[PDB]
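Some notes on the structure that comes next.
A quick note on method: Cβ atoms are made from the backbone with ideal geometry, for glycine too, and the neighbour counts reach across all protein chains shown. We did not get these values from a lab; they are worked out from the coordinates using the rules stated.
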Amino acid sequence: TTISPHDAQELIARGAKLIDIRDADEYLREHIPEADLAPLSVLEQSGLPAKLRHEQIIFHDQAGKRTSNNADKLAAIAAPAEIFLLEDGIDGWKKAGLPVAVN
Ligand SMILES: [Cl-]
Ligand code: NA
């Protein structure tokens, strides 16, 4: 499932997790305030920690390419949650006029 930025906001308001799968350097330069960072490589090595698990998990990346290309991996990493992918990543979030945090 892909989810629009405005629809993701709605889910986050009901406690859904938003997971940034980018690297810490990317995150530090610009991120979504409500997102929790967990780079894909780390998730692949040691899985999703309990603190980031929820009924509803939304992954995001830069532009939607990384989540689309790693959809099966993300689906198992977050199982058995209801899992979504942020349409066009943070770039999508920006295009929808939602706030970001720039260093
Ligand atoms: Cl991307
Ligand atoms: Na995404």
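A few comments on the model shown:
- The stretch 76-93 - residue that is more than 7 Å from ligand 2 (Cβ to nearest atom), surrounded by 15 or more Cβ atoms within 10 Å (Cβ to Cβ) and assigned to a helix (DSSP H, G or I) and, of those, nearest to the chain's Cα centre (by Cα): 90
- For residue 88, the conditions (1) touching a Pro at 6+ places or on another chain (Cβ under 9 Å); (2) more than 15 Å from ligand 1 (Cβ to nearest atom); (3) not basic (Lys, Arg) all hold with the exception of (2).
- Take the conditions (1) surrounded by 13 or more Cβ atoms within 10 Å (Cβ to Cβ); (2) touching a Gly at 6+ places or on another chain (Cβ under 9 Å); residue 55 misses just one of them, which is (1).
- When we screen 43, 48, 52 for residues that are within 15 Å of ligand 2 (Cβ to nearest atom) and among the hydrophobic types (A, V, I, L, M, F, W, C), the only hit is 43.
- Residues satisfying the stated conditions in the stretch 55-75, i.e. touching a strand residue (DSSP E or B) at 6+ places or on another chain (Cβ under 8 Å) and within 11 Å of ligand 2 (Cβ to nearest atom): 58, 59, 60, 61, 64, 67, 68, 71, 74
- Each residue in the stretch 8-43 was checked for being of a type outside the set (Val, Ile, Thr), in a helix (DSSP H, G or I) and surrounded by 14 or more Cβ atoms within 10 Å (Cβ to Cβ), and 7 of them qualify.
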